[PDB]
$ cat target_3.cif   # mmCIF, C-alpha atoms
data_protein
#
loop_
_atom_site.group_PDB
_atom_site.id
_atom_site.type_symbol
_atom_site.label_atom_id
_atom_site.label_comp_id
_atom_site.auth_asym_id
_atom_site.auth_seq_id
_atom_site.Cartn_x
_atom_site.Cartn_y
_atom_site.Cartn_z
ATOM 1 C CA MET Q 1 55.537 54.180 85.531
ATOM 2 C CA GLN Q 2 59.173 55.095 84.751
ATOM 3 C CA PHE Q 3 59.936 58.839 84.244
ATOM 4 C CA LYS Q 4 63.199 60.124 82.825
ATOM 5 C CA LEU Q 5 65.147 63.337 83.283
ATOM 6 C CA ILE Q 6 67.568 64.274 80.541
ATOM 7 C CA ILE Q 7 70.137 66.674 82.063
ATOM 8 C CA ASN Q 8 72.020 68.933 79.658
ATOM 9 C CA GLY Q 9 73.891 70.951 82.240
ATOM 10 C CA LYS Q 10 76.963 73.104 82.359
ATOM 11 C CA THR Q 11 78.734 70.478 84.534
ATOM 12 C CA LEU Q 12 76.578 67.314 84.444
ATOM 13 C CA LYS Q 13 75.176 65.618 81.369
ATOM 14 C CA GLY Q 14 73.149 62.465 81.656
ATOM 15 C CA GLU Q 15 69.847 60.844 82.254
ATOM 16 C CA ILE Q 16 68.172 59.794 85.486
ATOM 17 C CA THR Q 17 65.096 57.515 85.763
ATOM 18 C CA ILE Q 18 62.683 57.094 88.654
ATOM 19 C CA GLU Q 19 59.432 55.289 89.273
ATOM 20 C CA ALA Q 20 56.532 57.615 89.973
ATOM 21 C CA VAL Q 21 52.727 57.351 89.671
ATOM 22 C CA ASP Q 22 52.198 60.592 87.742
ATOM 23 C CA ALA Q 23 54.229 63.117 85.658
ATOM 24 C CA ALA Q 24 53.319 65.626 88.428
ATOM 25 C CA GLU Q 25 54.969 63.566 91.192
ATOM 26 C CA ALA Q 26 57.961 62.920 88.833
ATOM 27 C CA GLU Q 27 58.271 66.717 88.338
ATOM 28 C CA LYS Q 28 58.409 67.374 92.104
ATOM 29 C CA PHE Q 29 61.204 64.749 92.453
ATOM 30 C CA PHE Q 30 63.085 66.160 89.486
ATOM 31 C CA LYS Q 31 62.861 69.777 90.713
ATOM 32 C CA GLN Q 32 64.167 68.604 94.094
ATOM 33 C CA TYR Q 33 66.982 66.700 92.288
ATOM 34 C CA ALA Q 34 67.861 69.775 90.098
ATOM 35 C CA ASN Q 35 67.908 71.938 93.310
ATOM 36 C CA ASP Q 36 70.171 69.400 95.066
ATOM 37 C CA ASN Q 37 72.580 69.314 92.180
ATOM 38 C CA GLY Q 38 72.691 73.006 91.453
ATOM 39 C CA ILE Q 39 71.003 72.688 88.052
ATOM 40 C CA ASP Q 40 69.001 75.807 86.938
ATOM 41 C CA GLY Q 41 67.692 75.868 83.330
ATOM 42 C CA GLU Q 42 64.950 75.545 80.688
ATOM 43 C CA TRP Q 43 62.541 72.622 81.083
ATOM 44 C CA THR Q 44 60.375 70.565 78.768
ATOM 45 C CA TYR Q 45 58.193 67.484 79.220
ATOM 46 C CA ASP Q 46 57.384 64.938 76.434
ATOM 47 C CA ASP Q 47 54.491 62.637 77.304
ATOM 48 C CA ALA Q 48 55.331 59.917 74.614
ATOM 49 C CA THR Q 49 58.717 59.213 76.101
ATOM 50 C CA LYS Q 50 57.676 60.171 79.715
ATOM 51 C CA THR Q 51 60.701 62.410 79.715
ATOM 52 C CA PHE Q 52 61.585 65.786 81.211
ATOM 53 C CA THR Q 53 64.568 67.704 79.972
ATOM 54 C CA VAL Q 54 66.493 70.411 81.854
ATOM 55 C CA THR Q 55 69.118 72.415 79.881
ATOM 56 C CA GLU Q 56 71.479 75.015 81.377
#
$ encode --input "target_3.cif" --output "structure tokens"
Amino acid sequence: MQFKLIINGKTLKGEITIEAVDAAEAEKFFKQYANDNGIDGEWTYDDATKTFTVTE
């Protein structure tokens, strides 16, 4: 299904969405994406909205 990452960063704000099978596979993608974009922060996951947040 569609998973969302809400980015509340020092440089980048925004929202990315991907298609993934599981919240676990979505997390691996999103950690790779945060890595790639120099984002290091506090994370949550909300199952109702299928949404991770990372906040710097």
$ closest_residue --input "target_3.cif" --among "Q:22, Q:36, Q:27, Q:47" --to "residue 5 in chain Q" --atoms "all atoms listed in the file"
Q:27
$ closest_residue --input "target_3.cif" --among "Q:25, Q:34, Q:6, Q:18" --to "residue 46 in chain Q" --atoms "only C-alpha atoms"
Q:6
$ atom_distance --input "target_3.cif" --atom1 "CA of residue 9 in chain Q" --atom2 "CA of residue 37 in chain Q"
10.2 Å
$ atom_distance --input "target_3.cif" --atom1 "CA of residue 38 in chain Q" --atom2 "CA of residue 21 in chain Q"
25.4 Å
$ atom_distance --input "target_3.cif" --atom1 "CA of residue 14 in chain Q" --atom2 "CA of residue 26 in chain Q"
16.8 Å
$ resolve_selection --input "target_3.cif" --expression "the PyMOL selection byres ((chain Q and resi 44) around 12)" --output "VMD selection string"
chain Q and resid 4 to 8 23 27 30 41 to 43 45 to 47 49 to 55
$ closest_residue --input "target_3.cif" --among "Q:16, Q:10, Q:3, Q:48" --to "residue 33 in chain Q" --atoms "only C-alpha atoms"
Q:16
$ axis_aligned_box --input "target_3.cif" --around "range 11-16 of chain Q" --padding-each-side "3 Å" --output "lines of an AutoDock Vina configuration file"
center_x = 73.5
center_y = 65.1
center_z = 83.4
size_x = 16.6
size_y = 16.7
size_z = 10.1
